[PDB]
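Quick heads-up: the structure tokens below are two forms of one chain, split into structure 1 and structure 2.
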Structure 1
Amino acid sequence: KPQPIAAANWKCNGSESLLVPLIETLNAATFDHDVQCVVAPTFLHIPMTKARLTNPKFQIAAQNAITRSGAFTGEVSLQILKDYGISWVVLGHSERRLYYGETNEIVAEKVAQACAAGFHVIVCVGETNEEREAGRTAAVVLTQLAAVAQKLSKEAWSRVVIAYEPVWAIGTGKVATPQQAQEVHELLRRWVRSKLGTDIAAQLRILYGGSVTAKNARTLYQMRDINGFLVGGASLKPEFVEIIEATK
């Protein structure tokens, strides 16, 4: 199993009074094993987080980016992030695909540019409840992944991380079962193995997202093809520390 990643997506949340004590807790936490931790604050909070997060095992990521600076009021480009020292970015999150029109192609465009620019990218994929019920889970996530892969070169994959978040598990409290999750992870890794190879497939990190907590992390990590988590609400709480330890 390649090096695990425990990523925290704080979404559109945060305040200074809230965030200072949380960062101190992350600084105080010590992790012996090899694990890559990432925290993703809102653009506005990246400066204070960068300034205070001193734990060597952590890296800061953006929650989104557009491919070019310029006349795009309200947005933040990959270039503006690089210049500020941020080298990790979350792209294609289900909430962006559903509410802000990011199609498979727009997400593929962002990922391609982010890799070219030297970033480590966490690409999100996932089916909706109706897509699951219609029995289209495989078609949906592989079409999402295929869009991104058609633009990538073999070596860009060293900087690619895949996060599987079932949309029916987001904010719902309805976590998938290790077997449902494992079932999808193994399908995604199998696809990659036949297009790009065993070496690329073996090193690829595929994370699970969707109602993860200290109570179900360890069992989820036990599955063969699950390499870590993209955590939502539980990441804005001390419990996030126990989730990282579950990657031992």
Structure 2
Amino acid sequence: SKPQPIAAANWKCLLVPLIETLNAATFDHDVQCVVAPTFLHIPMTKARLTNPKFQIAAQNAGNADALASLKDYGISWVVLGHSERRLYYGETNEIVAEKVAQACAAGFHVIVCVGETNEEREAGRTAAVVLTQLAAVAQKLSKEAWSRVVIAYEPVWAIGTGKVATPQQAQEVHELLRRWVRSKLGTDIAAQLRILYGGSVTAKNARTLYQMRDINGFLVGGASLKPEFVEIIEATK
């Protein structure tokens, strides 16, 4: 069977109505929901979000001390490895991996993003790119650390322009990620590992994406600022 799904909203972006909907929405299946606001918006989200299915996540892991204080503030999830950060803010594979290891060491659940650009895809380098990103991470983690790790695949190649990823192009990557994990860490860690889809997710396509075997949920961009995020969570049933 699949592990527990996650529906994560990455609010990297007046949020009140959105939280209002999340608060009123009732989900009846096991799904961990996660909202990841910017740091300046964490207090306002924490002030208003009441749905007990939701954890609030930070978008960065600064220092062991910074993690400890986050954690004290009630935040124990973080999202790392965002492609924008990787490509344009000098977040090498090792830098992301060290952050994940620190966050893991602080007792956080961590959603680490992997993904290849359109140039890397077109060069047949999809596997090499995402598995190297993932290997950098794995090199720093304990066996037990993996229970609190979640992978998100961001098809950066699709963000750009003129490519829309199909469910099957999503599944191919997720399957490859999970096969590498099974190889390096065993069938145990592999089967329990959430791998979230971090490409274009909407009410329209969430259900079909969730049907793919190695898709355990979503790291949602745009669709997660609108009431439609509720339908995306329901699509994890």
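Here the rigid core means the biggest group of C-alpha atoms that line up within 1.5 Å when the two forms are laid on top of each other. Residue numbering: structure 1 sequence, from 1.
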Entry of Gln150, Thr172, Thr177, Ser158 that shows, once the rigid core is matched between structures 1 and 2, a C-alpha shift of 2 Å or more: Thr172
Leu98: how large is its C-alpha shift between structures 1 and 2, with the rigid core as the superposition reference, in Å? 1.1
Per-residue C-alpha deviation between structures 1 and 2 [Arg132; rigid core superposition; Å]: 0.4
